[PDB]
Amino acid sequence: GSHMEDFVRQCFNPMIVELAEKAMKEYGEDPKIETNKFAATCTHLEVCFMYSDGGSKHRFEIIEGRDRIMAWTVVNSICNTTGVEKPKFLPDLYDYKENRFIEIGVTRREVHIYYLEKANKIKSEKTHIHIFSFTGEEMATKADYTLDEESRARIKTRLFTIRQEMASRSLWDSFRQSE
């Protein structure tokens, strides 16, 4: 295998690793080759799941982690349930409390840079955007951060723990440059 793949398997829990493998193979990418994107898929997955964990019991409909056609099935149902507009791109969550889809981003640049790319690419206006970084920074639409401070602070801490673990294994440099 590879050093990055070995690190991913001992860093994330097996359920996350399995969902990342499925999501990567579903789009023609092999986790054993594109190991940097393998780490980023695991990171993005865990962040979405910690995010959904931060709300109430039945607040978030998780979209990420499902297969493509079932994910769009849940989106069509949410749209016909509440009446919100069907987004052009697959989001990560839906907030039943605020009635909006959420796109979650985990970047290795300025949260402003990645927000600008995502906000211009989405072009749906209704989809709420929330970006985390590997340095503790976050940016969200209308400065509305959805969750309480304690839940967001846990995610940031986890991201920085992943960053330190990669550097100890001298993997962080190629990982930050691969994005």
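Superpose the two forms; the largest set of C-alphas matching within 1.5 Å is the rigid core. One-based numbering along the sequence shown.
When the other structures are laid on the shown form by the core, the C-alphas of 118-126 and 145-153 differ in how far they drift in 7 other deposited structures of this protein; the larger average drift belongs to 118-126. The PDB entry reports B-factors from which the mean C-alpha value can be compared for 150-158 and 123-131; the larger average falls on 123-131. Two stretches are in play, 29-37 and 60-68, and the higher mean C-alpha B-factor belongs to 29-37. Among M139, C42, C48, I113, the highest C-alpha B-factor in the deposited entry belongs to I113. In the deposited entry, the Cα temperature factor of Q10 sits in the bottom third of values across the chain's modelled residues.
Annotation for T73: C-alpha temperature factor in the lowest third relative to the rest of the modelled chain, per the entry. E117: CA B factor lies in the highest third for its chain, per the PDB record. When the modelled residues of the chain are ordered by their C-alpha B factor, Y94 lands in the middle third.
Among all modelled residues in this chain, the alpha-carbon of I102 has a temperature factor (C-alpha) in the lowest third.
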